[PDB]
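Colleague: As they sit in the full assembly, here are the leading chains:
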Amino acid sequence: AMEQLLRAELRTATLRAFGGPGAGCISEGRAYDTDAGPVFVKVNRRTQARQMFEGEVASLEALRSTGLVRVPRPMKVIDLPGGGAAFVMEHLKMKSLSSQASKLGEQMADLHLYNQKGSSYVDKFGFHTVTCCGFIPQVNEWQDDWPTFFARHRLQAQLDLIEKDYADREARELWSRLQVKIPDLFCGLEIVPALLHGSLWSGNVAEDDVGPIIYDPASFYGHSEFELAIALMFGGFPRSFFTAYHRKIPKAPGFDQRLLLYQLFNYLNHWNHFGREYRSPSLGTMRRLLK
């Protein structure tokens, strides 16, 4: 029984489920009332659910250490009898991001500038632990060169999965041509490692009366522009978010061309997750980059 396990693991006499079931695609979310305070619990039954949640915990702690963004405090990861795991975190009363969008834009810009301007400086792209893009674990092996890191551990990792799962000849051939072209989009620019949320789409951000809230991160040190790809692609972010952000971090030359590259990664990732519906966007984006 989940409720009995939750009572034992959280050492609480009271456990009352409140609200409607969480609108999660990855996991099932339920909010519980506890003596210490309200909590939110995500349940995933896959075998490696603990690894995925531990990467999410590591991401939340890295974001919390900056003190620049409001994210739920992770509390406990519990191995579930019968496989899988549960992830307990602080419950946050949340509403859709609108009035606090401009505040979030400033916080995200500060987050991306945090590493280069701090006391101890991460001079490589990657992460100390594995984080998951959706259900797919990602290699975060440290790399000195961002185009190298993005091509190997993001684009190639996704395209290898596509070849294994779908053996799509068109993706194989287009990647062969586009792979050599990637350095052209980054020449003459200084790329600094920046701590990223990792999946900053509208579904992973919210607000309360104090301000904006972000959650469900898959963090790593990367190009700050990659973070915006999620945000622009799937909509849901007010214009003031991007306006406030780019006042502190203006669009570097070649922003729109790199945006195609970063949108490509998410199309491939959605192809591996959801199937042939994302084949045409993935291939079309590669063709536009080669045109």
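Modeller: Sure, I can see it. Residues are numbered from 1 along each chain as shown, chains lettered A, B, ... in the order given.
Colleague: drop to CA atoms for contacts and neighbour counts, all remaining ones
Modeller: OK.
Colleague: Off-centre distance for stretch A:45-58?
Modeller: Stretch A:45-58 sits 14 Å away from the centroid of its parent chain (Cα atoms, centre = their mean, to the nearest Å).
Colleague: What are the buried residues along that stretch?
Modeller: For stretch A:45-58, burial by neighbour count (16 or more other Cα atoms under 10 Å) applies to A:45, A:49, A:50, A:51, A:52, A:53, A:54, A:55, A:56, A:57, A:58.
Colleague: do the same with stretch A:267-282
Modeller: For stretch A:267-282, by 16+ other Cα under 10 Å, it's A:267, A:268, A:269, A:270, A:271, A:272, A:278, A:279, A:281, A:282.
Colleague: on that earlier part again, what is the nearest of the buried residues of stretch A:45-58 to residue A:4?
Modeller: Closest approach between those and residue A:4, by Cα to Cα: residue A:45, at 17.5 Å.
Colleague: measure that closest one to residue A:52 for me?
Modeller: Note on residue A:45: its distance to residue A:52, by Cα to Cα, to the nearest Å, is 11 Å.
Colleague: just residue A:278 next, same as before
Modeller: 24 Å.
Colleague: Also residue A:22?
Modeller: Distance from residue A:22 to residue A:52, by Cα to Cα: 18 Å.
Colleague: Next: residue A:258.
Modeller: Distance from residue A:258 to residue A:52, by Cα to Cα: 28 Å.
Colleague: Help me confirm that residue A:107 comes into contact with residue A:69.
Modeller: Yes: using Cα atoms under 8 Å, residue A:107 is in contact with residue A:69, at 6.1 Å.
Colleague: Tell me which stretches of the stretch 101-250 of chain A form strands.
Modeller: A:131-133, A:136-138, A:194-196, A:205-207, A:212-214, A:220-222 (DSSP state E, counting those that start in this stretch).
Colleague: Of the buried residues of stretch A:267-282, which belong to helices?
Modeller: Counting by DSSP state H, the buried residues of stretch A:267-282 place A:267, A:268, A:269, A:270, A:271, A:272, A:279, A:281, A:282 in helices.
Colleague: add one more, call it chain B:
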Amino acid sequence: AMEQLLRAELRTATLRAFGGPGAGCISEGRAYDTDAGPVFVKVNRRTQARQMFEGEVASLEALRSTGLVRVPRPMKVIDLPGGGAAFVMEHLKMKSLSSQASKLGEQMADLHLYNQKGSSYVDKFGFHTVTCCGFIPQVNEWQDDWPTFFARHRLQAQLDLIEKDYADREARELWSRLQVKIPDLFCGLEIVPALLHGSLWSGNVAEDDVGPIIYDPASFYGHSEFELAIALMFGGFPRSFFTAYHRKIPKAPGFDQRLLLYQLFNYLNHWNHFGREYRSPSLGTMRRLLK
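Modeller: Chain B now in position relative to the chains above:
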């Protein structure tokens, strides 16, 4: 635009959102206070939103006609400018199902027995109209044989979608073998059509002070055992629910094997809805049935 459209279609001067729900994975749900009374509104912007909501309306009315379960009254389906539709229904003050679990078990058993012992004469499996499992429309063409109906219009329909979107050969190979096994799983039993809620997972049931409440159905006449499958797999039902249910409808021979078969449909349905993470549960269940 929605609030102004809602005021016009409901002919209410006042429309005050309470509870700040934002609830639902398939659709966006919000509770509004109106001159006539409080209402709950589900919004879906996909092209087939009207068909999906109309199947829900037909399902709610079929359950309400029995008088055996308390279900929200459907009110209006509104076509939205810009695509999609809104579904307005009676608002119900609801809390998570706990004390009323055993009561729901008796009501669900009575609901399933209504066709057999009531003035109901449906001697075939199916439904008079299309109902949707999530976003997926389902064929409910009447069939004399339940294993034929379930294999053709439920299992095969989902696997056809998986084949188109993922071209999963392992799913194809296991399904071809499971097709031969399906008639053996029914032990020569005569299956009686039973009116089903259709999606009785814990997130679709609740309670008030009067008793249990169920909602969001995708109804059809099928095997009564199929109803419990979703209820078991994703948890949330107290043990007293199943105890009260099976006091009125004991487990027929082969219950545990058919449960795997009915849980397979929900894993496939979650694969088509949420993606490849549900491939391993779907394939593992098929392998377990073939062992």
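Colleague: ok chain B is loaded, check the buried residues of stretch A:45-58 again?
Modeller: A:45, A:46, A:49, A:50, A:51, A:52, A:53, A:54, A:55, A:56, A:57, A:58 (16 or more other Cα atoms under 10 Å in any protein chain shown).
Colleague: Check stretch A:69-78 too.
Modeller: A:69, A:70, A:71, A:72, A:73, A:74, A:76, A:77, A:78.
Colleague: how is chain A carved up into domains?
Modeller: Per automatic domain parsing, the domain ranges recorded for chain A read A:2-90, A:101-290.
Colleague: Now render these as a markdown table, adding distance to residue B:165.
Modeller: Below are the domains of chain A laid out as a markdown table (distance: least, Cα to Cα, whole Å):
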| stretch | distance to residue B:165 |
| --- | --- |
| domain A:2-90 | 18 |
| domain A:101-290 | 5 |
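Colleague: Residue B:251: which of these is closest?
Modeller: That would be domain A:2-90 among those, by Cα to Cα, at 23.6 Å.
Colleague: What is the end-to-end distance of that closest one?
Modeller: 18 Å.
Colleague: how about that domain, does it reach chain B?
Modeller: Yes: for domain A:2-90 and chain B, the contact criterion (Cα under 8 Å from any Cα of the partner chain) is met by A:17, A:18, A:19, A:20, A:21, A:22, A:23, A:24, A:25, A:26, A:46.
Colleague: hang on, the first one in a helix?
Modeller: No: secondary structure assignment (DSSP: H, G, I helix; E, B strand; the rest coil) places residue A:17 in strand, not in a helix.
Colleague: May I ask which helix or strand encompasses the closest residue to it other than its chain neighbours?
Modeller: Leaving aside its sequence neighbours, residue A:17 sits nearest to residue A:32 (Cα to Cα, 6 or more residues apart in numbering or on different chains; 4.4 Å). Using DSSP states H and E, residue A:32 sits within strand A:28-34.
Colleague: circling back to that earlier point, in strands, which of the residues of domain A:2-90 next to chain B appear?
Modeller: A:17, A:18, A:19, A:20, A:21, A:22 (DSSP state E).
Colleague: if we can go back for a sec, out of the domains of chain A, nearest to residue B:87?
Modeller: Using Cα to Cα, those put domain A:2-90 closest to residue B:87, at 18.0 Å.
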